[PDB]
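Chemist: Structure provided below as structure tokens; questions to follow.
Virtual Cβ from ideal backbone geometry, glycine too; neighbours counted across all protein chains shown. Nothing in this text is a laboratory measurement; each read-out follows from the coordinates by a stated rule.
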Amino acid sequence: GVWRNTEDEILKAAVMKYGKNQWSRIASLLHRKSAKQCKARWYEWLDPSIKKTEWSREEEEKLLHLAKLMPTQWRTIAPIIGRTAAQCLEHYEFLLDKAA
Amino acid sequence: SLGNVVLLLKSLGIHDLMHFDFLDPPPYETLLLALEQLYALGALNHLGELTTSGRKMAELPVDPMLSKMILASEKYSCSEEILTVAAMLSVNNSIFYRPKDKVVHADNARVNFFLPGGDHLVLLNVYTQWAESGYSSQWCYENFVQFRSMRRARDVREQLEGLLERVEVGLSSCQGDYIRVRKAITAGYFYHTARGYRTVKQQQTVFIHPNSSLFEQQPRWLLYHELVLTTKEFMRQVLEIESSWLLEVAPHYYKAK
Amino acid sequence: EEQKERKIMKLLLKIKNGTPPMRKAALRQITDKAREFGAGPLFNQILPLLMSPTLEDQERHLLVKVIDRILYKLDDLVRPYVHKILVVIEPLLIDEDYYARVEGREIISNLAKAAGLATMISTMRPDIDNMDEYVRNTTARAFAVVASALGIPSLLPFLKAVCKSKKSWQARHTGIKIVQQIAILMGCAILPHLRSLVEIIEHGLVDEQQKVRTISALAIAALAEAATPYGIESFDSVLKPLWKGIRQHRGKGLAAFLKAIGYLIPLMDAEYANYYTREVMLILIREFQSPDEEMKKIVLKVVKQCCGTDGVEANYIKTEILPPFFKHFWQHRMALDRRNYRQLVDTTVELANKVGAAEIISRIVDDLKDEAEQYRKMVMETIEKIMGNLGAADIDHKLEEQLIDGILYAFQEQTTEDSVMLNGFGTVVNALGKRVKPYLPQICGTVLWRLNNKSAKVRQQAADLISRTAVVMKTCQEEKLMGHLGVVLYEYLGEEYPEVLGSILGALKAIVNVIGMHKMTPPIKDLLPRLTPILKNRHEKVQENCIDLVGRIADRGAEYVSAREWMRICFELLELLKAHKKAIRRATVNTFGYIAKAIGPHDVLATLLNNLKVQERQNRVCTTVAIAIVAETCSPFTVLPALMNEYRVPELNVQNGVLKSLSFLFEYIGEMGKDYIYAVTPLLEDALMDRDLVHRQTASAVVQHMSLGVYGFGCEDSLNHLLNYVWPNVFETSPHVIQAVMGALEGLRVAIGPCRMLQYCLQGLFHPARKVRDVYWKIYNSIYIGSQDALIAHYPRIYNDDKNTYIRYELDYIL
Amino acid sequence: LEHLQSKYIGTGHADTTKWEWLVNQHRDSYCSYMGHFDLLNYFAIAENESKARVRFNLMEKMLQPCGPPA
Amino acid sequence: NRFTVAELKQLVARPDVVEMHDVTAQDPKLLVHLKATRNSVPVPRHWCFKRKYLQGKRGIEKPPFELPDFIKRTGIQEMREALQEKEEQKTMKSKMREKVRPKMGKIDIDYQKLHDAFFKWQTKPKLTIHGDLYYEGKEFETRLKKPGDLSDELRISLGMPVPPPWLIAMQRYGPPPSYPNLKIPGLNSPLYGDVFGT
Amino acid sequence: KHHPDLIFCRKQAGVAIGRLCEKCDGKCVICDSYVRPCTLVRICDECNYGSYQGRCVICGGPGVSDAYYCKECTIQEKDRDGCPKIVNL
Amino acid sequence: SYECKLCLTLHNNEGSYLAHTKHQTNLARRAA
Amino acid sequence: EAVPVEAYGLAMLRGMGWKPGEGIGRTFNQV
RNA sequence: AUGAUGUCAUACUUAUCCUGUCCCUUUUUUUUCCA
Ligand SMILES: [Zn+2]
Ligand SMILES: [Zn+2]
Ligand SMILES: [Zn+2]
Ligand SMILES: [Zn+2]
């Protein structure tokens, strides 16, 4: 399940060549990788619409508020605040460790 | 080998060990290696005479190569931990239960006690977790430990705790310094070393036992306790060292890496 | 005293810690002062060192060297120290290890050559009459070593006085043990003293004690074995009572007397041997019923010695010894033992060689029908050894029918993998030859019945029996039965079990090898298309047998198959090249050579070049081996333009394949490469200038094989031109390329000559750099090891200097 | 490498002396002149000496090659 | 402990054979005596370089290969490149289709042409001297083109028949100071082909 | 096809005859080739004597065929170098 | 083989050069 | 500590004697 | 301007090789407590 940077560059080139909805055509290039793994790797880490910035005050307030409202439903919470589920879960854990 | 009882015969004033009366004489090479070991241990003088440290060696009745734990205690503190280590090394029957069938539960119960730095710390962990548990038979049954051989280890530890004023060693502990525990073990174990898939002294090839905690993850320097040959030249009760404090103890025996 | 002892431990630490030149200098200084130091402190420092268990093999060898040098420098100086050296060396003389007993014998020889025999004799005289048998045996071994070192007449009157002494029978027993062990240590050296030792031991041979007479018979047997074949009459004084004593002794003494009789029998006169055989044959007929294992082993050894004894007739043995021997020694209890079965088999083979194998074969034919597997295996092994030793000329017709029925029942009950029984079956029917023709349809019907069995092992064994018996089926030229067997095996070719399919393929390969292509039913044009999908199998045995059959067909009968099918075979062989066993790949390369010899070397070369440029895996060196085999079998002028043009491909791996194929090609062709050295010279010159070390290493292998190939043909100019590129590459640090450089330098020194290598190394042997002069000294040391004789004439002309004269005046002499 | 390869006649090392190499070359030249019949005949019949006298002179000159070491 | 380069130059008959670091050797006189013989070779230059031998190029391009004349006269390169270009346009469906259904008779020229090119048309190539040592260059300074002689391209470009226009000024100006040992034939040393001097 | 370890004997050869197993049959004992088996293999000493009777002069299997030197090793006459039986040290 | 002339670095694979995009600092050093 | 303090007992045993019961190895009917 | 340095991956070489390992018995001291 590891991802080398060579495979990330090949995946980026394959997405820029073959579009989005083709994944088995993309996974034909990558040795020992599946199309589901390529789709998850694109939508989790390598998508350019992922906000790779720092959290604002408004983002942290909305994250703490929505984590108080809907507990442990991060796939619902994450499109509201614009981050992904892993980043917002990790930042919520970091904020609870900072509050403790 | 007669390494336990050469010290017993020397503690009773007999000096003519090679000319002592017997039904049949023991071989002179066994007595030579026993006297060479007791020269390497801190009990014999330049004239082959017992010291007062040799009287401390011969007070408590376990093997001298094990009894250098006690004289290594208070030099690296941590006396109670190596006391319980010597209690599990003083047993007769084998520890841990490996039944016909089951296997996987018993192997997982063995792996759950594993610690880095040999199986002496594993046996110390077994006595530590048996403590604060009511000394129950149900804990030993649930962890695949024989409740016949480790009660004997408890009695040996109790007897050796009672025989601590005669050696005048206090109840010392470190609570975390297992490097000090392994250093005290290495102070007790300098003769029993081998590295290079080969003995460092006798130049005999070695093979790791599968029941040891370090069967995989082959070490850089290691000591042991026993050298039983059954099929391959095996490796019983290994322990991790670095050969850095190996030169700190027994400098006459150890030179040139 | 104290300073001498301090110097003794100084020499000890210099020997055991210093260099072996410094150890040799310390040993020379110790031996120079051995009379000065004395044997006292030398013994007091050596015998604790000899008794030390921590000494290594080199340490004890150096200890034996120091003891031998000190003994040679001391001689009689260790005369008070004989007893201490003896009690140290007496466990060393009873050593179980061979090297330790050899070192103890060397120490005993040094003690006998240094001190004297009289001091050791007076030392061992109270130890001769020791009550314990172990101390008496140690004393016997030490005195035998002393008698072997000092010679037989030095203590032979002393040993006669000990054995003639009636003080104690244990000392006489020890003396006879001394005589027996000295005879065992000597062997042929006791030949002039055989009559003297026989006269010494003739008093002990008639002793009333059981153990003394037993060891006297053992010493007489040892003297008969050691002095073979001289001194037959010298033991003749023991020939009269011992033959009476075999009629008198019982138990272990009877066995010792029988062993002495069996050792004394093959040297006597023929009438005397016949009379002794007729005398001891009644005792042997009594002793066949003896249940003791060592007594039965001694009886079997005596029977083998009597059968090996000439002049014991033929009909007398077959009428006297053989029926109770077959009644007693041939049972399941005899076959249940391990060493006794082998001894009985060797004795049976020796007796069948002595008195004809037909009687033993007729008397042991029913035991192949026995229910016991190990007994039937032993009988089949003895029958196979007797048939391989003598033959099948004396076999009767009903005897031959009984043998065929016995081996058919033996093959019919084969629970284990008795492959030696299969080899025995092949040996018996190949020894029969043309006489098995009436029995052939019964054998064929039984094998074809067992081929329909449920078990795969039965079908595998039946096909193995076909593969064993195909040659003898084709000796009689009964081609209808063999063709019918080939048709049935062609039907059986669609089996799914791999071991069975490999056995069927091996049987078909045997049938094709013993019939030939023209009378082969089914024909090759129907056989090879059936064999084509079997090459896609992944099992190793199927691949090995099928590739062997395809190679036999392509070497022998390739005219029946069109070239399209051969190209399909080649395309399958490319996938077959990725196997694991090296024999499969070697036979694959041989099939590639056979197909290229059959149909032409062009399209198969293009196929191999595409495979070489296409593989990029842990294979394709075998592709280069196949390319070299194709070129060597098909006139390498036809192959070298395409191989040279394949070097222009920039695909980073095909060029190394081209160079490796060139190296393998030159190693295959040898002395025929001189037409192509000038062709491959600029390719190797361009390859040696490459950045990559792989090209330089493989080109170095090319230079090595090309230099070793056409040595002695005047192509040294191109070899020197290639050496002008190879010799800059000697500074490489990788081990493979520097091994290729060393091999290329060795090949260039063989081919061009040591003069140019000496010219290359003379300006760099005295280089200021340590590593450069070290590498140049390694190359010069290899050249001097290879060319020690020829380097004198190729030595440089250097004039005489102030250190010594250098210009030899013998070379300036003109006659 | 090998121990006998370094222990062979004419062998050397990176710290081999020039006088030792010259003495080994002279000893090898004397041994080659003694072994070869044609070289001994060319170096013997040129002067007025016997063949065995030339062999004894070469045997003396073999020890003379170790005559002045440094 | 060791003398300077002047003592080694005075002691040896060849001061040009003395190296810069030969004085620190244990036997500098023996090394100078061995280096002054006619059939010696120098140390390769990689012993002083930190760079490995023929390793630090890393950025240049080279021609692939130059075949000899008889191999190109057989003409294997033409249909070999045609077969490679035909196989490059093929698909793997067509590749296994050709694998199960082969097509031979591709080149199929003869055996006699290669037999003649191996034997009748066999030409001895150019081999260098015994003392030659290849190095990182040794492929560019091919003039060893004599000095004092103009090249054929410069003679054709300046209209020099085989009388250059600057040869009169070269004769009137004497020998050049850059190469005083160079002798120009025809005007200073009274020259075959383009090499009209030495 | 070699390894940097496994020096063989470097002993003086004798009258004992080398012997090869089928797993490494046909190989040269020195350079591991398969071309021109010319010179027979002599195995010096107690490599033959004792329990190692008729064994492999290579890996250690039960030997079936006579070992040989190739012609290329005997071009420089490496066959007189000594015993080629592998001793694992 | 793939070579970066701005970095003067050889690459075994295509993704080795595809990950060679340090190269900015080497390009700034080789710019002058 | 030193070497010959382990060798004086072996020297005294060498000067005293040796018994066959000490280090007894069983071997008979050898070839 | 190319030297050292790191288990990071990718190429490459040796006609490298498809592979093995869990103890019979058993023995060794001494000293206090509540109406
Ligand atoms: Zn083998
Ligand atoms: Zn070879
Ligand atoms: Zn050998
Ligand atoms: Zn770059």
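Chemist: Would you confirm whether any residue within region F:15-29 is more than 13 Å from ligand 1 (Cβ to nearest atom), part of a strand (DSSP E or B), more than 11 Å from chain C (Cβ to nearest Cβ) and aliphatic (A, V, I, L, M)?
Modeler: Checked against the condition, which is being more than 13 Å from ligand 1 (Cβ to nearest atom), part of a strand (DSSP E or B), more than 11 Å from chain C (Cβ to nearest Cβ) and aliphatic (A, V, I, L, M), region F:15-29 yields at least one hit.
Chemist: Something else about it: Which of (1) surrounded by 15 or more Cβ atoms within 10 Å (Cβ to Cβ); (2) closer than 30 Å to G:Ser16 by Cα is the odd one out, the single condition A:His91 does not satisfy?
Modeler: (2)
Chemist: Something else: So, in region A:1-37, exactly how many residues are over 18 Å from the mean Cα position of the chain (by Cα), within 16 Å of RNA strand I (Cβ to nearest atom) and crowded, with 17+ Cβ neighbours inside 10 Å?
Modeler: Residues meeting the conditions: 3.
Chemist: If F:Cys38 satisfies all but one of (1) within 16 Å of ligand 1 (Cβ to nearest atom); (2) assigned to a strand (DSSP E or B), what's the number of the condition it fails?
Modeler: (1)
Chemist: So, of the residues in region F:20-56 that are among the basic types (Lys, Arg) and more than 15 Å from F:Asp79 (Cα to Cα), which turns out to be surrounded by the most Cβ atoms within 10 Å (Cβ to Cβ)? Quick ask: steps written out before the conclusion?
Modeler: Restricting attention to region F:20-56, the residues satisfying the condition of being among the basic types (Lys, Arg) are F:23, F:27, F:36, F:42, F:55.
Then keep just the ones that are more than 15 Å from F:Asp79 (Cα to Cα); that gives F:23, F:55.
Working: F:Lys23: 16, F:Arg55: 20.
Checking each candidate, the answer is F:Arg55.
Chemist: Moving to a separate point now. Counting only residues that are under 37 Å from the mean Cα position of the chain (by Cα), more than 9 Å from chain C (Cβ to nearest Cβ) and of a type in the set (S, T, N, Q), how many does region E:68-120 have?
Modeler: The qualifying residues number 1.
Chemist: Among the residues of region D:45-57, count how many are closer than 23 Å to D:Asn24 by Cα and within 8 Å of chain C (Cβ to nearest Cβ).
Modeler: Number of matching residues: 0.
Chemist: Name the residue, out of C:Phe766, C:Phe713, that is of a type in the set (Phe, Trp, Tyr), at the interface with chain E (Cβ under 9 Å from one of its Cβ atoms), touching an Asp or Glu at 6+ places or on another chain (Cβ under 8 Å) and over 21 Å from E:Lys52 (Cβ atoms). Reasoning before the result, please.
Modeler: Numbers: C:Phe713 fails: at the interface with chain E (Cβ under 9 Å from one of its Cβ atoms).
Only one candidate passes the filter, namely C:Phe766.
Chemist: Which of the residues belonging to region C:106-134 are within 14 Å of another protein chain (Cβ to nearest Cβ) and buried (at least 17 other Cβ atoms within 10 Å of the Cβ)? Step through it out loud before you land on a result.
Modeler: Residues of region C:106-134 that are within 14 Å of another protein chain (Cβ to nearest Cβ), as a first pass: C:123, C:126-127, C:130-134.
Selection gives C:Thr123, C:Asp127, C:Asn130.
Chemist: Would you mind telling me which numbered condition in (1) surrounded by fewer than 20 Cβ atoms within 10 Å (Cβ to Cβ); (2) within 14 Å of chain H (Cβ to nearest Cβ); (3) more than 35 Å from the chain's Cα centre (by Cα); (4) assigned to a helix (DSSP H, G or I) C:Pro91 fails?
Modeler: (3)
Chemist: Another question, then. So, C:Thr174, is that one closer than 26 Å to C:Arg278 by Cβ and among the β-branched types (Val, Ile, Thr) or not?
Modeler: Judged against the criteria, C:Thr174 is not a match.
Chemist: Looking at region F:61-86, which of its residues are more than 14 Å from chain C (Cβ to nearest Cβ) and either aliphatic (A, V, I, L, M) or away from ligand 2 (no atom under 13 Å from the Cβ) (or both)?
Modeler: Of the residues in region F:61-86, the ones more than 14 Å from chain C (Cβ to nearest Cβ) are F:63, F:66-68, F:83-86.
The answer is F:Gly63, F:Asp66, F:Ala67, F:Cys83, F:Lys85, F:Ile86.
Chemist: Mind checking which residues of region F:41-60 are part of a loop (DSSP other than H, G, I, E, B) and either away from ligand 1 (no atom under 16 Å from the Cβ) or within 14 Å of chain D (Cβ to nearest Cβ) (or both)? Outline the logic, then answer.
Modeler: Here is the first cut: in region F:41-60, the residues part of a loop (DSSP other than H, G, I, E, B) are F:41, F:43-54, F:56-60.
The answer is F:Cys44, F:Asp45, F:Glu46, F:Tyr49, F:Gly50, F:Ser51.
Chemist: Would you pick out the residues in region D:1-17 that are more than 19 Å from C:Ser787 (Cβ to Cβ) and at the interface with chain C (Cβ under 7 Å from one of its Cβ atoms)? Talk me through it step by step, then tell me what you get.
Modeler: Here is the first cut: in region D:1-17, the residues more than 19 Å from C:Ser787 (Cβ to Cβ) are D:3, D:14-15, D:17.
Of everything in region D:1-17, just one residue is more than 19 Å from C:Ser787 (Cβ to Cβ) and at the interface with chain C (Cβ under 7 Å from one of its Cβ atoms), namely D:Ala14.
Chemist: Of the conditions (1) assigned to a loop (DSSP other than H, G, I, E, B); (2) within 13 Å of the chain's Cα centre (by Cα); (3) on the phi < 0 side of the Ramachandran plot, F:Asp79 satisfies every one except a single condition; which number is it?
Modeler: (1)
Yes/no per residue for (1) assigned to a loop (DSSP other than H, G, I, E, B); (2) surrounded by fewer than 16 Cβ atoms within 10 Å (Cβ to Cβ); (3) β-branched (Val, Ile, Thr); (4) over 21 Å from the mean Cα position of the chain (by Cα):
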{"position": "B:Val85", "(1), (2), (3), (4)": "no, no, yes, no"}
{"position": "B:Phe96", "(1), (2), (3), (4)": "yes, no, no, no"}
{"position": "B:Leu124", "(1), (2), (3), (4)": "no, no, no, no"}
{"position": "B:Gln129", "(1), (2), (3), (4)": "no, yes, no, no"}
{"position": "B:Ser133", "(1), (2), (3), (4)": "yes, yes, no, yes"}
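Chemist: Looking at the structure I just gave you, is F:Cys9 within 11 Å of ligand 3 (Cβ to nearest atom) and part of a loop (DSSP other than H, G, I, E, B)?
Modeler: Numbers: within 11 Å of ligand 3 (Cβ to nearest atom): yes; part of a loop (DSSP other than H, G, I, E, B): yes.
Yes, satisfied.
Chemist: Please determine, by comparing only the residues of region C:664-680 that are within 11 Å of another protein chain (Cβ to nearest Cβ) and among the small types (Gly, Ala, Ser), which one is farthest from ligand 1 (Cβ to nearest atom).
Modeler: Here the residue is C:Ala679.
Chemist: Right, something else. Inside chain D, counting only helices (runs of 4 or more DSSP H) that do not spill past its ends, which hold 1 or more residues that are under 15 Å from the mean Cα position of the chain (by Cα)?
Modeler: Values: elements: D:3-6, D:18-35, D:37-44, D:51-63.
Fully inside chain D and qualifying: D:18-35, D:37-44, D:51-63.
Chemist: Here is a follow-up. Could you please find all residues in region F:14-28 being farther than 18 Å from C:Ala583 by Cβ and either away from ligand 3 (no atom under 11 Å from the Cβ) or within 11 Å of the chain's Cα centre (by Cα) (or both)? Step through it out loud before you land on a result.
Modeler: Of region F:14-28, the ones farther than 18 Å from C:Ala583 by Cβ are F:14-19.
Correct list: F:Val15, F:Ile17, F:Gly18, F:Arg19.
Chemist: All but one of (1) buried (at least 16 other Cβ atoms within 10 Å of the Cβ); (2) within 16 Å of ligand 1 (Cβ to nearest atom) hold for F:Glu72, so report the exception by its number.
Modeler: (2)
Chemist: I would also like to ask the following. Can you pull out every residue in region F:40-63 that is within 16 Å of RNA strand I (Cβ to nearest atom) and of a type in the set (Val, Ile, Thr)?
Modeler: Correct list: F:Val57, F:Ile58.
Chemist: Is it the case that C:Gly657 is crowded, with 21+ Cβ neighbours inside 10 Å, within 12 Å of chain E (Cβ to nearest Cβ), among the small types (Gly, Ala, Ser) and within 42 Å of the chain's Cα centre (by Cα)? Quick ask: steps written out before the conclusion?
Modeler: On the way: crowded, with 21+ Cβ neighbours inside 10 Å: yes; within 12 Å of chain E (Cβ to nearest Cβ): no; among the small types (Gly, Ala, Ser): yes; within 42 Å of the chain's Cα centre (by Cα): yes.
Considered against the rule, which asks whether it is crowded, with 21+ Cβ neighbours inside 10 Å, within 12 Å of chain E (Cβ to nearest Cβ), among the small types (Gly, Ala, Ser) and within 42 Å of the chain's Cα centre (by Cα), C:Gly657 comes out as no.
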